[PDB]
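Okay, so here's just one chain, in C-alpha cells, the form deposited in one PDB entry.
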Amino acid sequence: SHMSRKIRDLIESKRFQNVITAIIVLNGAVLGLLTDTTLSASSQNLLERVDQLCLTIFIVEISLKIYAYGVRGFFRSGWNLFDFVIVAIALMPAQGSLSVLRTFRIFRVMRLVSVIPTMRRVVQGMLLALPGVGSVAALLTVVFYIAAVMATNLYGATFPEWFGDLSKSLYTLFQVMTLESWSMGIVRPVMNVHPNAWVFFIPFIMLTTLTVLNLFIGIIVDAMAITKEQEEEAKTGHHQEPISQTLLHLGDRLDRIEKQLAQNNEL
C-alpha cells in the first residue's frame, strides 16, 4: 500500500537513523548517570523517566517497522529480531533467563551496532568468520580440558586454591595462557613443591599462545575480507571478483581466440 511505502521511506532515511541513534545515545547516557550512588531521589526519578521515554520511542520505531515490512518480513532479519528482543525484554517485569537476572539495561546500547550500517557490517564480518575457525577453537578447547584434568590431578592436593577442582584449574590455566603472573604468581610457587612442574606449564604456554594467536588471526583476516566485500556491496551493489576468477575469464578469452585462429583463420 501507499501508506506502508511512505513509512518504509521514512524508516530507511538518514534522518530517521540519526534520531534513533541520538535516542540510543541519550538512553546510554541516562543509564551511565544512574550508576552514580550520590544522586538524589528526584534526580534518579528524572533519569528513570528519560529511560522510559527512550524505551517508548523504541516501541513506536519497532511497531512502525513491523507494519511497514510485515510480521514475516521484519523477523526475516536477525538484526530486527535482536532489536525486537532487546526492546521487548525491558517491557517484561518477571524475567526467567538461563543465568540469574537480566537487570543489565545498558545492553540496549548494543542497538548502536544494529542501527549504524558500518558498525553492523563490522559485527557481521566477525560473526561470519566464526565457522571457519571452529576447528582451531575446538583444538584449543581440547588442549584446555586435557591440561585442566592433568593440573587438577597433579597439583590439586598441594595447591587447592588454584587447582583444587576442574573449574579452578580451567580458570588458572586461562590466567596462565594470558601470561598474567604465570611465573612469579603461579609456577615458581608450584615448583617449590613440584620441581619439574615447568615440564607441564612451559609446553602448555607455548601450545596455547600459538593456538589462541592462530584463532585471533584467523578471525581478523577473514572478518576484514568479509566486511570489505559487504562495504563494496552496500555502495556499488556488487563486490570485487577474486584474482582467481579474473585469471579464469582471461584464460577463457585466450581459448576463444585460439579456436578462432587455428581453424577459423588458418584454413
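From 1 onward, residues are counted along the sequence shown. Each form is matched to the other, and the largest set of C-alpha atoms that superpose within 1.5 Å is called the rigid core.
Does a third or more of the other compared entries skip modelling residue 158?
-> No, none of the compared structures omit it.
### Message
Is it the case that at least a third of the other compared entries omit residue 101, given both of its neighbours are modelled there?
### Response
Looking at the other entries that model residues on either side of it, residue 101 is missing from at least a third.
field: 77 to 85 versus 167 to 175 - which carries the larger mean C-alpha B factor in the record
entry: Taking the mean C-alpha B-factor of 77 to 85 and of 167 to 175, the larger value falls to 77 to 85.
If you average the CA temperature factors as listed in the entry, which stretch comes out higher, 37 to 45 or 210 to 218?
Of 37 to 45 and 210 to 218, the stretch with the higher C-alpha B-factor average is 37 to 45.
Between 138, 157, 92, 128, let me know which has the highest C-alpha B-factor in the entry? Within the set 138, 157, 92, 128, 92 shows the top C-alpha B-factor.
When the CA B-factors of 121, 72, 194, 111 are compared as recorded in the entry, which is the largest?
When the deposited C-alpha B-factors of 121, 72, 194, 111 are compared, 72 is largest.
* **residue 32 - which third its CA temperature factor falls in, relative to the rest of the chain** => Its C-alpha B-factor belongs to the middle third of this chain's values.
For the chain shown, is the CA B-factor of residue 54 in the lowest, middle or highest third of its modelled residues? Middle third.
- Quick one: classify residue 101 as lowest, middle or highest third of the chain based on its Cα B-factor. Highest third.
- Query: So where's residue 68 on the chain's Cα temperature factor ranking, which third?
  - Reply: For residue 68, whose C-alpha B-factor we compare with every modelled residue in the chain, the answer is the highest third.
There is also a form deposited in another entry; it is not shown, and the following applies to it.
**Asked** Hey, after the core superposition between this form and the one not shown, which of 243, 10, 19, 25 has the C-alpha moving 2 angstroms or more?
**Response** The residue that shifts is 243.
| 2 Å or more on the CA of residue 153 between this form and the one not shown, with the rigid core superposed, yes or no? | After core superposition, the C-alpha of residue 153 moves less than 2 Å between this form and the one not shown.
Post core alignment: residue 233 C-alpha displaced by 2 Å or more between this form and the one not shown | Shift of 2 Å or more: yes.
Check your understanding: With the core lined up, does the C-alpha of residue 192 move 2 Å or more between this form and the one not shown?
Key -> Where the cores coincide, residue 192 shows only a C-alpha shift between this form and the one not shown that is less than 2 Å.
- Item | Cα-Cα trend for residue 236 and residue 18, given that in that other deposited form the distance shifts by 3 Å or more | The answer is farther, because the C-alphas of residue 236 and residue 18 separate from each other in that other deposited form by 3 Å or more.
### Task
Report the direction of the Cα distance change between residue 239 and residue 224 in that other deposited form, compared with the displayed form, as closer or farther; the change is 3 Å or more.
Farther apart, which means the C-alphas of residue 239 and residue 224 are at least 3 Å more distant in that other deposited form.
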